[PDB]
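A lone chain, given as structure tokens: the form deposited in one PDB entry.
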């Protein structure tokens, strides 16, 4: 009864996780239309990511960023043989189920789209389709995993062409893992308690409205039927798995502001499994050339001579500094 529940939770999880492994070692490319899908595939993309506008443009446009039009996603799935992934707004369950129904290979609960739910992410374990989610540090990654993400990427700062935020997120996650490895089981439990705190945020908001103190009550269901303590337990388990593994239990990709072959190489060299690039490619002057270049960079990242030759023709990345990013997009939690 209980044990069988626990059993499909795990067989299905492992299957979903399994899909992610297919995409490992390659580049996944944001694509807004049939053409771009083709350019992407032709350039050696392991898969494309369908959205309405690339993040750089999302930034320029302002307003609300939602799931791509169904027509567009269709058109893209038709244009290519490789897996098609698509983006949905954080917490927006309906968008995800439409995406799943449409037959996309993976759904990305994306912090670049305007979040739908201020409190919770989608509960991903309920879906058949596998999810990829963003994380700016290990707490985030673990929560996202616990909610059922089959793959995680760094958030970085999307559409900025600036690799710094991606690098920060990778280092934060990695150092946090190494810290876990140096801890006693009990200490790790404390970290698990900290990492589950965000789920309390609804509850506490409501305690405040009701003129009660903001306290965690032991039998109080917080999220999707789970008690705070229950979440702390499950997370704790995941942290232990991580301590053993030395890395994340799922495929872990670098994302955001990859603008040049060297950028991609750098991420790979930091121990990432693969690279997501949207804006770097199509906001570039020669998109197909840049595409192929980044692919070859990810395949050759440990070979400086090759990296050097790979980067001999293209004209871009473009722009957006520390000062005036105007919507710092690494917030979901």
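Numbering follows the first chain given and starts at 1. Heads up, when I say rigid core I mean the largest set of C-alphas that superpose within 1.5 Å between the two forms.
Note that the form deposited in another entry isn't included here; everything after this is about it.
Here the rigid core is superposed between the shown form and the other one, and of 270, 70, 61, 308 the C-alpha of 61 is the only one to shift by 2 Å or more. Here residue 38 does not count as shifted, since its C-alpha moves by less than 2 Å between the shown form and the other one after the core is aligned. After superposition on the rigid core, the Cα of residue 283 moves by 2 Å or more between the shown form and the other one.
Compared with the form shown here, the C-alpha atoms of residue 284 and residue 161 sit at least 3 Å farther apart in that other deposited form. Annotation for the pair residue 60/residue 122: C-alpha atoms approach each other in that other deposited form, by 3 Å or more compared with this form.
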